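As a starting point, one isolated chain is supplied in structure tokens, in the form deposited in one PDB entry.
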């Protein structure tokens, strides 16, 4: 940090990651911008192992819809991760509250989200916290999946394992996390992508959590798409959401079948 901070301006805070605060750093000579995630390992006894794992997963990644990882180093009890600066900001800030964004924009972002998730799943990694705060944008509005603090390996070579950790952000979590002791990784990420699509199209999360005790979730199970947020969503993308937000993960649409969906393939304005 010492010589680094002589040559690089830590201009401002960008946000909070799973494991630490992220700063914009700009080199005074070249004006290169990088995002620096600063992780205080004293915040938990397991933080050193947890951040080591985030680093390890980052080293596996190379895809146009995933935030680039440049490197890392430790200074005392602080770990520094050096990440792509995504100058388009968070997808969250393209969503007008209670309105969403135009359907063509939501469709394009959703295609890019699928590309990134397909990539991750192909290498056996699940993100586990997909939400608009963790979907950044570059200078050409290309989506970049961000923050692998909660990510884990669900397939070792061609051998899947079940997961059991209740992690993620509650309004985005799939119902099987509240019902099953162990579950498949991929349908959990598919579900959160559906909640992201809902938010992009209507500017509103549909429920606190996907429990039968949550009235808004019961309303969706009972096909009450005449209520918000659903009544704001056109029938074509709503038909896709009906296939994604399926309670039984075994019956839930898979990404290869999302690719065949009418709305997914629909030419928009």
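Numbering follows the first chain given and starts at 1. We call the rigid core the largest set of C-alpha positions that still match within 1.5 Å between the two forms.
The same protein also exists as the form deposited in another entry; that form is not shown, yet it is the one meant from here on.
In the core-aligned comparison between this form and the one not shown, the C-alpha of 27 is the only one from 27, 62, 209, 215 that shifts by 2 Å or more.
In the core-superposed comparison between this form and the one not shown, residue 18 has its Cα shifted by at least 2 Å. With the core held fixed, residue 9 shows a CA shift of 2 Å or greater between this form and the one not shown. Relative to this form, in the other entry the C-alpha atoms of residue 6 and residue 81 approach one another by 3 angstroms or more. Cα-Cα spacing of residue 7 to residue 59 is reduced in the other entry versus the present form (difference of at least 3 Å).
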